[PDB]
Amino acid sequence: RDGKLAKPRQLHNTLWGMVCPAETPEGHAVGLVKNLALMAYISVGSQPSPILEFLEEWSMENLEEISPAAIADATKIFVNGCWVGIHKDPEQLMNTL
Amino acid sequence: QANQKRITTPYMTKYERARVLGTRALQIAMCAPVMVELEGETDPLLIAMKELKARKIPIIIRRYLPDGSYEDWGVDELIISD
Amino acid sequence: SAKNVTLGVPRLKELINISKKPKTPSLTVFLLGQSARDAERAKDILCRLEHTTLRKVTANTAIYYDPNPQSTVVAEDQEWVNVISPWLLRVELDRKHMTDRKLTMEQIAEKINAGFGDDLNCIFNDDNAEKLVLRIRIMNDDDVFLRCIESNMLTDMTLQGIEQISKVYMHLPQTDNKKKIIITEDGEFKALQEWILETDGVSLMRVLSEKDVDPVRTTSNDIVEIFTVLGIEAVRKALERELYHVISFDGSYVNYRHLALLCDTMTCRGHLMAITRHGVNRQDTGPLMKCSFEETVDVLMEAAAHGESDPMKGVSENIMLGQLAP
Amino acid sequence: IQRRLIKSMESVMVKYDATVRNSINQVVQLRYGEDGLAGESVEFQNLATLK
Amino acid sequence: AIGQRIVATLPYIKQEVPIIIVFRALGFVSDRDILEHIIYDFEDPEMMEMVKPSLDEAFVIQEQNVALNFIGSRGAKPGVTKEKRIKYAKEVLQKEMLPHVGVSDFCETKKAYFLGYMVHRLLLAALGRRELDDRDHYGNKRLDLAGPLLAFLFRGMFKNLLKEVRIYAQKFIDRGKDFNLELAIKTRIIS
Amino acid sequence: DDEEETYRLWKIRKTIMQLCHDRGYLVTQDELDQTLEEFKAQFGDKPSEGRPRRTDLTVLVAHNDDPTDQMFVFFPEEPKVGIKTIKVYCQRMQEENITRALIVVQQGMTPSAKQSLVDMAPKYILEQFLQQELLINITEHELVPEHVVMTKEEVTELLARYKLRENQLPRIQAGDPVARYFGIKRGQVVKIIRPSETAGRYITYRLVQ
Amino acid sequence: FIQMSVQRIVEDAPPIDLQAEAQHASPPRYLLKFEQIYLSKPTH
RNA sequence: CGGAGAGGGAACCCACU
DNA sequence: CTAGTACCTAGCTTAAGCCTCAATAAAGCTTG
């Protein structure tokens, strides 16, 4: 708090529908303490392993299988931020997911 | 300094006016003899105001010059602002 | 176009705390004569002030291995007709910035020859072909030396303009005070609208020491630079002007009494006494007085160590002891 | 900013010499406001003989 | 000079380490293999022109062990012998760096792919092909609710409980008579 | 590149001559305000390997009250002047009956020469100036007010009038451009006449420390 | 949290094996591994 | 018996102008 | 044997100290 950098305190564009734009304390906690929108829900977490077994069986390749020759034209898959594999057809896998 | 060499203003400044009135009305509150015939008013501050207006306050002001010297200005002798 | 002048509380901080590095140091350079009247000579003064490196004018840079300078691996009949190291350097400029800043290949080559001596020879194409080529050799740690000198020459060469002034603006002022004001033969004031130019850097000394630049009116908006160039009394006036600028920018009024008193007490010691613990505690006011402000440990131990005596002639000194402050 | 300004000028006052001196009697102005005049008793005026 | 070298300050490492040294320590002796993990299409010379200033910084390390030694020398706990720095830096690369991509016997290829992706992401921002990520973008934020907060705090208290069950066990097994886990467990600490 | 250097040297000479006039030394109006053409015809347009070269373009002047104290100025050819290149000027200092002089250097003077100028200062009160610094007369600037050097008797009159001691005055450091321009030791107060937007004109006194 | 995260925290903790002071005269250990947390309703 | 009233403190949090 | 209680142990800025680099005069060759 009591910091002259107003950038964190400002209402960000990505607060639409997840954080109340109006509701915030007027003291030294403007924008730092923010409440929650009505239908805004916070994910609780689950194991990504079923997603992993589902992913590994359509047409994608793990890192160990392929060479970086064919990695430039295809698309990189991240699961919880870890680079799991590579897929040649982004479309119809997005639709499948 | 001598009476000939008086370089300070002949006007009684607001601070002198406040402090002289306070310290004279305090004396009146401690039953000091009044210098002006009163008409039944009992408040020492109003008594001191009347004495100041009549120019009868038995007090002089020592104005210290910055160099260290001083001047003795009698309340009766310098001009009251109000 | 340059209203990032950081007015308000930040400028008040930059003035009170006299900072070596303000966020927006800028000039208000005025012009002397016919250059102040017409725009072309104003642009001529502008280009002599705006700092220009050789990065600003070149399009791309490439190096080759030509075994023979006569061979001309690149098809250029100019080198054929013009004509000892095989590893050469080639840079392509653009006509746009070239004719914007009014340089010549001869000027660029003589700048190179003066900066680096006769350690290299520049072979420049004439100002007739569509392409703007100058080739660089090294006369007799072989080509990485050429790589490093290429980087050094692109980074800082000062083809035109003076250092530390990056961008300079040019406009006709609308406010009467910033406009030149004269007196006619019938005692009028006849507000004149002449060309002025503002910068985004500050030198204040290589600027006024330039032809056709008015060295009578050029303020620099930089208190420390004014202190270095013009002296403490000019500092007081310039500081007053900059301190009044922020207050009167809002349209509000503050009596000159207070501005004069502040600029006096900030400059009554011959040096720029910035109002911090670095300027207020340095003056010999008294350990008790200066142990009420951003202090009260270092000051007190220093006073105990040096046996300093507090005359108790201040206000915050008599206040501590429960005495009538003067 | 206000506190820092006050702590740098808190002892500057008009002496009975009518000059302006700090706590150590160093002269800041020979007359207050370089005229010796109170700031609460002045007005805005126009100089007729000017322009 | 040369300009635009790429460094990677690493956890439990006092100084920054050039990325190519990191890859060689991770196990890639060659240079083409390392560049295969950063620039995915070799026909883009703009990427090469900015990656070679970092390549020519580290043409004195050619094998895995010298790079391990180089990292260990910069470690917070510098080993006295070569084979101690080797093990310390190997442990750092195995567990401290990039845990989420895997900590197992052989995860070097996956860690190298992810680190080369990180370098590629840095180069994309340097060339302007992409744009800098926003810190206030609440896509980049996560919310620690009662669940995650109590998990973070219970994990530490549970470790503290274990490291006192261990002390009680040591105090009884130094004499070696016997021990009781009921007395060993200090139910006070967690609650 | 000789027109620019000739113009630069002409402005340096003009500023130095104005400096001498303000300091009190005797200068004729003809040399006080001469155009660039007179400088061209009197020195030679060719600072690079030509007749308008330094060292015999230097100026010597004398004070108005008595033509005994005299003030040279010197423009060394060396960019960074040194002891051996100022001991010659000191030898001229001694061979003449002169007391003080100026040195307008081309680039920054060396610290050894600065320490020398400090060391023989009481015998010979000579000071330095920069080529860059003397291309403008700073007193002509609108921010710089009218500075007037007080004589000792009127300094004593000022102190006796205001009943204040020598160190209570506002002060000015000797290193700032205006005090260096006039040329004045410590313990020498300067009248400073400046216009007041509140009441007309205001006189302030800065002492050198 | 109380369903799965406490379970994973209590299970992923490594077992502790502990020896004597390296000898007695001129030492075996144990594992003590635990799992399968149980949680009951508030009691007083 | 006398009217005794003097009644810790640090930390953090929220809030008011 | 155990309990109860009594004794032991986020950024800014600016000076300010600390790290390296270029003239320079003594110290001694060096040949005129």
# chains A, B, ... in the order shown; residues from 1 in each chain; ligands from 1

call {"tool": "residues_around", "arguments": {"residues": "residue A:43", "least_positions_apart": "2", "cutoff": "12 Å", "atoms": "only C-alpha atoms (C1' of nucleotides)", "output": "list in words"}}
result
residues 40, 41, 45 and 46 of chain A; 142, 143, 144, 145, 147 and 148 of chain E

call {"tool": "write_last_selection", "arguments": {"atoms": "N, CA and C atoms", "output": "compact mmCIF listing (two decimals), in the first residue's frame"}}
result
# COMPACT_ATOMS: atom_id res chain seq x y z
N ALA A 40 -19.53 -14.22 -11.15
CA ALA A 40 -18.13 -14.57 -11.22
C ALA A 40 -17.85 -15.75 -10.29
N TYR A 41 -17.23 -16.79 -10.84
CA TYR A 41 -16.91 -17.99 -10.08
C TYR A 41 -15.43 -18.30 -10.24
N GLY A 45 -9.88 -26.23 -9.37
CA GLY A 45 -8.75 -27.08 -9.71
C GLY A 45 -9.11 -28.55 -9.82
N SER A 46 -8.46 -29.25 -10.74
CA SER A 46 -8.66 -30.68 -10.91
C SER A 46 -7.43 -31.26 -11.59
N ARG E 142 -4.02 -15.27 -10.37
CA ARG E 142 -4.70 -16.40 -9.76
C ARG E 142 -5.15 -16.00 -8.37
N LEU E 143 -6.26 -16.59 -7.93
CA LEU E 143 -6.85 -16.26 -6.64
C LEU E 143 -6.64 -17.41 -5.66
N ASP E 144 -6.02 -17.10 -4.53
CA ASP E 144 -5.79 -18.07 -3.47
C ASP E 144 -6.94 -17.99 -2.48
N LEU E 145 -7.89 -18.90 -2.61
CA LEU E 145 -9.05 -18.92 -1.73
C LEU E 145 -8.72 -19.72 -0.47
N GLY E 147 -9.20 -22.82 0.23
CA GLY E 147 -8.57 -24.07 -0.11
C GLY E 147 -7.07 -23.96 -0.29
N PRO E 148 -6.64 -23.22 -1.31
CA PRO E 148 -5.19 -23.06 -1.54
C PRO E 148 -4.45 -22.45 -0.37

call {"tool": "closest_atom_pairs", "arguments": {"of": "chain D", "to": "chain B", "cutoff": "10 Å", "atoms": "only C-alpha atoms", "output": "tab-separated table"}}
result
residue	atom	partner	partner_atom	distance
D:14	CA	B:66	CA	9.9
D:15	CA	B:66	CA	6.5
D:16	CA	B:65	CA	5.6
D:17	CA	B:65	CA	6.1
D:18	CA	B:8	CA	7.8
D:19	CA	B:66	CA	9.1
D:20	CA	B:66	CA	9.9
D:21	CA	B:66	CA	8.4
D:24	CA	B:66	CA	9.7
D:25	CA	B:66	CA	6.6
D:26	CA	B:66	CA	9.7
D:27	CA	B:66	CA	10.0

call {"tool": "write_last_selection", "arguments": {"atoms": "N, CA, C and O atoms", "output": "PDB file, in the first residue's frame"}}
result
ATOM      1  N   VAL D  14       9.806  38.437  10.164  1.00  0.00           N
ATOM      2  CA  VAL D  14      10.133  39.851  10.026  1.00  0.00           C
ATOM      3  C   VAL D  14      10.550  40.384  11.389  1.00  0.00           C
ATOM      4  O   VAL D  14       9.761  40.370  12.340  1.00  0.00           O
ATOM      5  N   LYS D  15      11.788  40.851  11.483  1.00  0.00           N
ATOM      6  CA  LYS D  15      12.309  41.406  12.717  1.00  0.00           C
ATOM      7  C   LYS D  15      11.850  42.853  12.865  1.00  0.00           C
ATOM      8  O   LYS D  15      11.220  43.427  11.975  1.00  0.00           O
ATOM      9  N   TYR D  16      12.172  43.459  14.008  1.00  0.00           N
ATOM     10  CA  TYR D  16      11.838  44.862  14.220  1.00  0.00           C
ATOM     11  C   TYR D  16      12.719  45.806  13.416  1.00  0.00           C
ATOM     12  O   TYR D  16      12.433  47.007  13.371  1.00  0.00           O
ATOM     13  N   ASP D  17      13.776  45.296  12.785  1.00  0.00           N
ATOM     14  CA  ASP D  17      14.506  46.059  11.782  1.00  0.00           C
ATOM     15  C   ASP D  17      13.737  46.174  10.474  1.00  0.00           C
ATOM     16  O   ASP D  17      14.236  46.809   9.538  1.00  0.00           O
ATOM     17  N   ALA D  18      12.557  45.554  10.388  1.00  0.00           N
ATOM     18  CA  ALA D  18      11.711  45.456   9.202  1.00  0.00           C
ATOM     19  C   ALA D  18      12.322  44.578   8.118  1.00  0.00           C
ATOM     20  O   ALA D  18      11.716  44.409   7.054  1.00  0.00           O
ATOM     21  N   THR D  19      13.502  44.015   8.356  1.00  0.00           N
ATOM     22  CA  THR D  19      14.089  43.050   7.445  1.00  0.00           C
ATOM     23  C   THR D  19      13.566  41.649   7.755  1.00  0.00           C
ATOM     24  O   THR D  19      12.886  41.415   8.758  1.00  0.00           O
ATOM     25  N   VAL D  20      13.896  40.706   6.878  1.00  0.00           N
ATOM     26  CA  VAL D  20      13.465  39.318   7.007  1.00  0.00           C
ATOM     27  C   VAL D  20      14.696  38.462   7.259  1.00  0.00           C
ATOM     28  O   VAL D  20      15.597  38.398   6.415  1.00  0.00           O
ATOM     29  N   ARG D  21      14.731  37.802   8.414  1.00  0.00           N
ATOM     30  CA  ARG D  21      15.872  36.992   8.806  1.00  0.00           C
ATOM     31  C   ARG D  21      15.393  35.651   9.338  1.00  0.00           C
ATOM     32  O   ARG D  21      14.305  35.545   9.910  1.00  0.00           O
ATOM     33  N   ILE D  24      18.950  32.268  12.578  1.00  0.00           N
ATOM     34  CA  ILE D  24      20.329  32.633  12.874  1.00  0.00           C
ATOM     35  C   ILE D  24      20.655  34.045  12.384  1.00  0.00           C
ATOM     36  O   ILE D  24      21.817  34.358  12.132  1.00  0.00           O
ATOM     37  N   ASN D  25      19.639  34.895  12.230  1.00  0.00           N
ATOM     38  CA  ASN D  25      19.789  36.306  11.875  1.00  0.00           C
ATOM     39  C   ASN D  25      20.437  36.513  10.512  1.00  0.00           C
ATOM     40  O   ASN D  25      20.876  37.623  10.197  1.00  0.00           O
ATOM     41  N   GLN D  26      20.520  35.472   9.690  1.00  0.00           N
ATOM     42  CA  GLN D  26      20.952  35.663   8.315  1.00  0.00           C
ATOM     43  C   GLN D  26      19.850  36.361   7.532  1.00  0.00           C
ATOM     44  O   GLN D  26      18.687  35.948   7.573  1.00  0.00           O
ATOM     45  N   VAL D  27      20.214  37.419   6.819  1.00  0.00           N
ATOM     46  CA  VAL D  27      19.230  38.224   6.106  1.00  0.00           C
ATOM     47  C   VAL D  27      18.772  37.470   4.867  1.00  0.00           C
ATOM     48  O   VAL D  27      19.589  37.061   4.036  1.00  0.00           O
TER      49      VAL D  27
END

call {"tool": "interface_residues", "arguments": {"of": "chain I", "to": "chain F", "cutoff": "12 Å", "atoms": "only C-alpha atoms (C1' of nucleotides)", "output": "mmCIF file with N, CA and C atoms (P, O5', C5', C4', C3', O3' and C1' of nucleotides), in the first residue's frame"}}
result
data_model
loop_
_atom_site.group_PDB
_atom_site.id
_atom_site.type_symbol
_atom_site.label_atom_id
_atom_site.label_comp_id
_atom_site.auth_asym_id
_atom_site.auth_seq_id
_atom_site.Cartn_x
_atom_site.Cartn_y
_atom_site.Cartn_z
ATOM 1 P P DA I 22 42.898 5.068 -19.397
ATOM 2 O "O5'" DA I 22 43.105 6.595 -19.847
ATOM 3 C "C5'" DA I 22 42.119 7.591 -19.565
ATOM 4 C "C4'" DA I 22 42.748 8.920 -19.123
ATOM 5 C "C3'" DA I 22 44.075 9.314 -19.776
ATOM 6 O "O3'" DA I 22 44.115 10.738 -19.944
ATOM 7 C "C1'" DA I 22 44.382 9.054 -17.434
ATOM 8 P P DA I 23 45.386 11.478 -20.604
ATOM 9 O "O5'" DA I 23 45.865 12.496 -19.466
ATOM 10 C "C5'" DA I 23 46.809 13.519 -19.771
ATOM 11 C "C4'" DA I 23 47.071 14.386 -18.552
ATOM 12 C "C3'" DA I 23 48.489 14.923 -18.442
ATOM 13 O "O3'" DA I 23 48.527 16.031 -17.539
ATOM 14 C "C1'" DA I 23 48.172 13.201 -16.868
ATOM 15 P P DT I 24 49.873 16.893 -17.348
ATOM 16 O "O5'" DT I 24 49.976 17.096 -15.762
ATOM 17 C "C5'" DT I 24 49.858 15.975 -14.887
ATOM 18 C "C4'" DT I 24 51.118 15.802 -14.063
ATOM 19 C "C3'" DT I 24 52.398 16.207 -14.784
ATOM 20 O "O3'" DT I 24 53.393 16.585 -13.839
ATOM 21 C "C1'" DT I 24 52.486 13.929 -14.357
ATOM 22 P P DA I 25 54.502 17.681 -14.228
ATOM 23 O "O5'" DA I 25 55.226 18.013 -12.842
ATOM 24 C "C5'" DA I 25 54.674 17.534 -11.615
ATOM 25 C "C4'" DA I 25 55.608 16.542 -10.925
ATOM 26 C "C3'" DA I 25 57.107 16.803 -11.088
ATOM 27 O "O3'" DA I 25 57.779 16.501 -9.869
ATOM 28 C "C1'" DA I 25 56.588 14.653 -11.904
#

call {"tool": "residues_around", "arguments": {"residues": "residue F:206", "least_positions_apart": "3", "cutoff": "6 Å", "atoms": "only C-alpha atoms (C1' of nucleotides)", "output": "list in words"}}
result
residues 170, 171, 172, 189 and 190 of chain F

call {"tool": "closest_residue", "arguments": {"among": "E:8, E:183, E:173, E:190", "to": "chain G", "atoms": "only C-alpha atoms"}}
result
E:173

call {"tool": "residues_around", "arguments": {"residues": "stretch 34-41 of chain B", "least_positions_apart": "3", "cutoff": "9 Å", "atoms": "only C-alpha atoms (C1' of nucleotides)", "output": "NGL selection string"}}
result
:B and (28 or 31 or 44 or 46-48 or 50-51 or 54 or 56-58)

call {"tool": "write_last_selection", "arguments": {"atoms": "N, CA, C and O atoms", "output": "short mmCIF file (atom, residue, chain, number, x, y, z; two decimals), in the first residue's frame"}}
result
data_model
loop_
_atom_site.label_atom_id
_atom_site.label_comp_id
_atom_site.auth_asym_id
_atom_site.auth_seq_id
_atom_site.Cartn_x
_atom_site.Cartn_y
_atom_site.Cartn_z
N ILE B 28 -5.21 42.83 35.75
CA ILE B 28 -6.51 43.25 36.27
C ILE B 28 -7.22 42.10 36.96
O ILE B 28 -7.86 42.28 38.00
N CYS B 31 -6.25 41.63 40.44
CA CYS B 31 -6.62 42.74 41.31
C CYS B 31 -5.55 43.83 41.29
O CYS B 31 -5.28 44.51 42.28
N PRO B 44 -12.11 41.49 32.95
CA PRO B 44 -10.78 42.11 32.85
C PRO B 44 -10.32 42.34 31.43
O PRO B 44 -9.57 43.29 31.19
N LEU B 46 -12.25 43.29 28.84
CA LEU B 46 -12.85 44.55 28.43
C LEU B 46 -12.24 45.73 29.19
O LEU B 46 -12.10 46.82 28.64
N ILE B 47 -11.87 45.51 30.46
CA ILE B 47 -11.19 46.57 31.20
C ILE B 47 -9.86 46.92 30.54
O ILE B 47 -9.51 48.10 30.39
N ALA B 48 -9.09 45.90 30.14
CA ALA B 48 -7.82 46.13 29.47
C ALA B 48 -8.02 46.80 28.12
O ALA B 48 -7.23 47.66 27.72
N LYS B 50 -10.46 48.87 27.39
CA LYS B 50 -10.76 50.26 27.69
C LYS B 50 -9.50 51.03 28.06
O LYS B 50 -9.32 52.18 27.63
N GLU B 51 -8.62 50.42 28.85
CA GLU B 51 -7.36 51.08 29.19
C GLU B 51 -6.51 51.32 27.95
O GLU B 51 -5.90 52.39 27.81
N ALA B 54 -8.00 54.21 26.03
CA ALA B 54 -7.72 55.47 26.73
C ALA B 54 -6.24 55.78 26.81
O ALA B 54 -5.88 56.87 27.27
N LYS B 56 -3.76 54.31 28.74
CA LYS B 56 -3.39 54.41 30.15
C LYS B 56 -2.75 53.14 30.68
O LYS B 56 -2.56 53.02 31.90
N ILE B 57 -2.40 52.19 29.83
CA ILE B 57 -1.82 50.93 30.29
C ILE B 57 -0.42 51.21 30.83
O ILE B 57 0.42 51.77 30.10
N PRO B 58 -0.11 50.84 32.08
CA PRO B 58 1.19 51.14 32.68
C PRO B 58 2.27 50.13 32.29
O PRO B 58 2.99 49.59 33.13
#

call {"tool": "residues_around", "arguments": {"residues": "residue E:108", "least_positions_apart": "3", "cutoff": "12 Å", "atoms": "only C-alpha atoms (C1' of nucleotides)", "output": "number ranges by chain"}}
result
A: 63-64; E: 22-28, 90, 93-95, 97-99, 101-105, 111-116

call {"tool": "write_last_selection", "arguments": {"atoms": "C-alpha atoms", "output": "mmCIF file, in the first residue's frame"}}
result
data_model
loop_
_atom_site.group_PDB
_atom_site.id
_atom_site.type_symbol
_atom_site.label_atom_id
_atom_site.label_comp_id
_atom_site.auth_asym_id
_atom_site.auth_seq_id
_atom_site.Cartn_x
_atom_site.Cartn_y
_atom_site.Cartn_z
ATOM 1 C CA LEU A 63 8.114 -33.853 -27.393
ATOM 2 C CA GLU A 64 10.255 -37.002 -27.200
ATOM 3 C CA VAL E 22 22.618 -23.788 -19.528
ATOM 4 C CA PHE E 23 21.725 -25.988 -22.510
ATOM 5 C CA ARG E 24 25.201 -27.545 -22.695
ATOM 6 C CA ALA E 25 24.995 -28.306 -18.971
ATOM 7 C CA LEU E 26 21.535 -29.762 -19.575
ATOM 8 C CA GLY E 27 23.121 -32.182 -22.024
ATOM 9 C CA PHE E 28 23.329 -30.800 -25.570
ATOM 10 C CA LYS E 90 23.023 -31.234 -11.636
ATOM 11 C CA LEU E 93 18.948 -28.348 -12.917
ATOM 12 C CA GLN E 94 17.082 -31.502 -11.872
ATOM 13 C CA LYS E 95 14.841 -30.032 -9.169
ATOM 14 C CA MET E 97 14.732 -25.214 -12.423
ATOM 15 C CA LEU E 98 11.317 -25.728 -14.046
ATOM 16 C CA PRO E 99 9.648 -28.160 -11.607
ATOM 17 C CA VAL E 101 7.601 -29.619 -16.584
ATOM 18 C CA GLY E 102 8.786 -32.616 -14.566
ATOM 19 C CA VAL E 103 11.274 -33.832 -11.960
ATOM 20 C CA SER E 104 12.354 -37.395 -12.760
ATOM 21 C CA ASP E 105 15.370 -39.385 -13.957
ATOM 22 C CA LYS E 111 13.148 -28.997 -19.769
ATOM 23 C CA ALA E 112 15.289 -28.053 -22.773
ATOM 24 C CA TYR E 113 12.197 -27.724 -24.956
ATOM 25 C CA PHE E 114 10.467 -25.491 -22.411
ATOM 26 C CA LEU E 115 13.567 -23.348 -21.807
ATOM 27 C CA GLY E 116 14.103 -22.971 -25.545
#
